[PDB]
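Structural features, examined
Take a look at the letters that make up each chain.
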Amino acid sequence: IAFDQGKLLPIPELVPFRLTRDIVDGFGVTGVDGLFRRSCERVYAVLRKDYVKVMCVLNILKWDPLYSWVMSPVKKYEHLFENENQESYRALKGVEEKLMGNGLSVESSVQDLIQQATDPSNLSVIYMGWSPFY
Amino acid sequence: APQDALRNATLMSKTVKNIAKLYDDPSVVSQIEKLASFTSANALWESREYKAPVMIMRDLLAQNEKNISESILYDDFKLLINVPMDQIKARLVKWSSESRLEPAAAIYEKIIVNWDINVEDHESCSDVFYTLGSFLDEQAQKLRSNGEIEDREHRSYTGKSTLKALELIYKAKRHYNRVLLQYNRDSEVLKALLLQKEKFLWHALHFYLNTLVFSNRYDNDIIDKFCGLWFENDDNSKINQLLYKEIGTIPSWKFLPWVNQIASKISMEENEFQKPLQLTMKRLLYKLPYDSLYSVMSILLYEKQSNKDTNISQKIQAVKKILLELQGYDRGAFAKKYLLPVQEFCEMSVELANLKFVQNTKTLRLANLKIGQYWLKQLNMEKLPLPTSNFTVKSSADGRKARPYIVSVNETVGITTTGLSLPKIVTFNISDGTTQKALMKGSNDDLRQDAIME
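Calculation rules
- Residues numbered from 1 in each chain as written, not as in the entry; some residues may be left out.
- Chains lettered and ligands numbered in written order.
- Part of a larger assembly, values for the part shown.
- Heavy atoms only, no water.
- Residues with missing side-chain atoms left out of burial classes, pairs and counts.
- Helix = DSSP H or I, 4+ residues; strand = E, 2+ residues; numbered from the N terminus.
- Rg over C-alpha atoms; globule rule 2.2 N^0.38 Å.
- Contact = heavy atoms within 4.5 Å.
- Axes fitted to C-alpha atoms, helices over the stretch in contact; angles between N-to-C directions.
- Parallel < 35°, antiparallel > 145°, perpendicular 65-115°, else oblique.
- Left-handed = near helix turned anticlockwise from the far one by under 90°.
- Nonpolar A, V, L, I, M, F, W, Y, C, P; charged D, E, K, R; others polar.
- Salt bridge = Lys/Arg side-chain N within 4 Å of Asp/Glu carboxyl O.
- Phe/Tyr/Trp six-rings, centres within 6.5 Å; stacked < 30°, edge-to-face > 60°.

If you check the header, you'll see the entry was determined by cryo-EM and the resolution is listed as 4.10 Å.

Per the PDB entry, the recorded name for chain B is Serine/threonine-protein kinase TEL1, and the organism is Saccharomyces cerevisiae. Its PDB title, taken directly from the record, is "Tel1 kinase butterfly symmetric dimer".

The PDB entry lists chain A under the name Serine/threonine-protein kinase TEL1, with Saccharomyces cerevisiae as the source organism.

When helices and strands are tallied, chain B shows 19 helices and 0 strands. In terms of C-alpha radius of gyration, chain B reaches 31 Å, well past the compact-globule figure of 22 Å for 454 residues. With respect to the three principal axes, the spread of C-alpha positions in chain B is 90 × 85 × 45 Å.

So, about the environment of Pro53(B). Here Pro53(B) shows up in helix α3 (residues 51–65). In this structure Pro53(B) touches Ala41(B), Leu44(B) and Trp45(B), once residues within four positions along its chain are discounted.

All names here are of chain B. Along the chain, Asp-219 turns up in helix α11 (residues 219–232). In this structure, the C-alpha to C-alpha distance between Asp-219 and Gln-196, residues 23 residues apart in sequence, is 27 Å. If near-sequence neighbours (up to four positions away) are discounted, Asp-219 is found in contact with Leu-212 and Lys-254.

As a further point, take the packing of helix α5 (residues 89–99) of chain B against helix α7 (residues 125–144) of chain B. The axes of two packed helices give the description: the angle between them and the distance between them. All names here are of chain B. Look at α5 against α7: their axes get within 10 Å of each other, and the N-to-C directions meet at 25°. Taken together, α5 and α7 sit at an angle that is classed as roughly parallel. Viewed along their axes, α5 and α7 form a crossing whose handedness is left-handed. When α5 is examined against α7, the residues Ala-90, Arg-91, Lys-94 and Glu-98 are found in contact with a partner set consisting of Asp-127, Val-128 and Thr-131.

Another point: the interface of chain A and chain B. In this assembly, 12 residues from chain A lie in contact with 19 residues from chain B. Taken together, the residues that form the side of chain A that touches chain B break down as 7 nonpolar, 1 polar and 4 charged.

Across the pair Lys49(A) and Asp50(A) runs a salt bridge, and its minimum N-O distance is 2.9 Å. Between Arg100(B) and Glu109(B) there is a salt bridge, with its nearest N and O atoms 3.2 Å apart. Because the salt bridges share partners, they merge into one network encompassing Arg91(B), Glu123(B), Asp127(B) and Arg217(B).

A separate point is the packing of aromatic side chains. Measuring from ring centre to ring centre gives 5.6 Å for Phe3(A) and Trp69(A), while their planes differ by 20°; the resulting arrangement is stacked. Linking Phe3(A) in the segment before α1 (35–50) with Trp69(A) in the loop between α2 (52–61) and α3 (85–98), this pair joins segments that are 66 residues apart in sequence. Seen from their ring centres, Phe38(B) and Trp95(B) are 5.7 Å apart, and the 70° between their planes marks the pair as edge-to-face. Taken as a pair, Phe38(B) in helix α2 (residues 26–45) and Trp95(B) in helix α5 lie far apart in primary sequence, 57 residues in all. Within the aromatic cluster, the residues linked to one another by ring pairs are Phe3(A), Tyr67(A) and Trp69(A).

All names here are of chain B. Between α7 and helix α10 (residues 173–214), whose axes approach to 8 Å, the crossing angle comes to 155°. Classified by the interaxial angle, the pair formed by α7 and α10 is roughly antiparallel. When the axes of α7 and α10 are compared, the crossing they make is left-handed. Taken together, the residues of α10 that come into contact with α7 (itself represented by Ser-126, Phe-129, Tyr-130, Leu-132, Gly-133, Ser-134, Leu-136, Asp-137, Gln-139, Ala-140, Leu-143 and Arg-144) are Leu-193, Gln-196, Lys-197, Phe-200, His-203, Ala-204, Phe-207, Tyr-208, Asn-210, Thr-211 and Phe-214.

Take a look at the structure:
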């Protein structure tokens with residue numbers, strides 16, 4: 001995937017990390033709101049603080065690559081049964097939105113992703129994929 | 001943080017008030033004061049009041065430039081301690097360039113000073129080059145994206161329309177005469193901004209290049225920045241001939257984090273850019289065989305199949321040509337010691353992937369190698385280059401030795417299989433180490449598309 005894409009599909013994916021019920025079961029009481037958020041906040045804050053290096057890495061490795069920007073004919077709807085340089089630009093700019101952000105204050109991003117990640121209102125959409133049960 | 005550091009910056013002032021009275025040595029006490037002023041300027045800058053460090057540094061610099069007593073035997077003590085402090089005006093200038101730009105109160109006037117610093121030759125000059133390079137990049141991009149460059153379109157529109165309607169002068173040639181004069185001024189201005197763009201760029205490259213020659217403290221960041229500026233402007237001789245001439249100075253053999261993106265750009269053209277691109281490639285192939293050869297052998301395997309693209313055909317010849325030249329460069333195909341084996345290994349691996357589709361209802365297919373020729377290959381490769389693991393030369397060092405040489409073993413065994421397709425046996429039999437045991441699972445799928453994300 002690399003960027004987005006799974007947001008399409010014959011039933012789209014949830015972008016927030018799959019903090020489903022078993023993954024967080026490994027958090028020994030006080031799941032998510034304990035050590036997990038604290039670690040997340042430090043990491044996210046650092047990335048926001050330095051910023052430029054992240055964009056640099058992506059920009060160099062994919063400055064003028066031979067990389068394919070989204071293959072659809074053999075993917076996504078492939079599992080169903082019964083732009084050019086503009087895409088590069090558009091996708092890379094989304095990085096700048098996740099970095100820095102508009103919600104600001106760090107915590108706000110972390111809290112938002114968590115609610116989205118665990119809310120069954122979104123989980124109860126997905127076809128198989130990880131099959132968020134078991 | 002400053003909440004602590006400022007206390008000492010303050011103390012230093014208290015402790016130097018009478019240095020002229022501790023001993024009668026004008027030739028050193030003035031130097032001591034310079035140190036103290038510098039130190040506090042930085043302590044302040046780190047917090048707030050950017051206005052103060054800049055004045056401190058501007059005045060300190062001017063005073064140091066006005067050394068007056070540019071040299072003296074000075075006290076023997078001064079000589080003894082000379083290397084313990086000094087100052088380095090080159091460093092002071094750097095700090096002025098930065099102090100004047102962090103706030104906007106200097107526009108780009110910095111350039112009037114910038115060109116003048118011819119630095120020194122020891123250490124810490126790498127900080128100086130680094131900052132100068134960062135400042136040139138910011139200016140180059142601010143200009144590149146400026147409306148002033150975009151404005152060329154307006155000048156073009158005026159040229160197309162005024163040349164018709166005003167030229168027709170259906171209703172004064174006197175007014176039309178202004179079109180030529182103003183148009184010529186517009187053209188000269190557009191030319192001029194493009195020239196500045198190139199000068200900022202060239203010098204930025206020069207400074208990053210120099211930084212990479214003398215230090216390894218933050219080269220981890222510089223190399224990406226350098227690559228960017230170079231690949232960003234793969235156009236004229238103004239940048240590329242100079243790099244061809246200077247880029248060969250890089251004492252290291254790094255670039256590795258994106259060697260795949262270097263090698264893939266090699267093609268056949270008479271142009272600059274391609275020349276130093278190819279030159280760099282040879283530099284690395286010659287000195288660090290195995291760390292470059294896997295990507296080369298990989299592309300050659302790729303190229304031989306589905307040879308439909310016009311670009312792949314060109315790539316084949318470009319790569320093949322270099323590889324043949326490399327055995328020439330080796331001495332007498334000395335490098336055959338690596339290439340023949342690498343080619344054989346790559347071909348064997350390709351065969352294993354192709355042979356993965358052994359069918360049967362089984363999930364084994366062992367009998368050691370049985371028909372596999374790896375049995376011979378593990379022995380022929382009595383000094384086998386390392387597939388993966390974790391290995392580096394840091395910068396240069398020596399890429400001719402690795403633990404993996406003692407990997408002349410295979411542990412040929414049953415293949416992994418489970419879900420999609422089929423895979424190889426872990427095999428490996430490690431080396432000096434007792435691990436490895438990593439199997440292949442060839443198919444097609446994403447290939448390069450996954451590797452790049454990793």
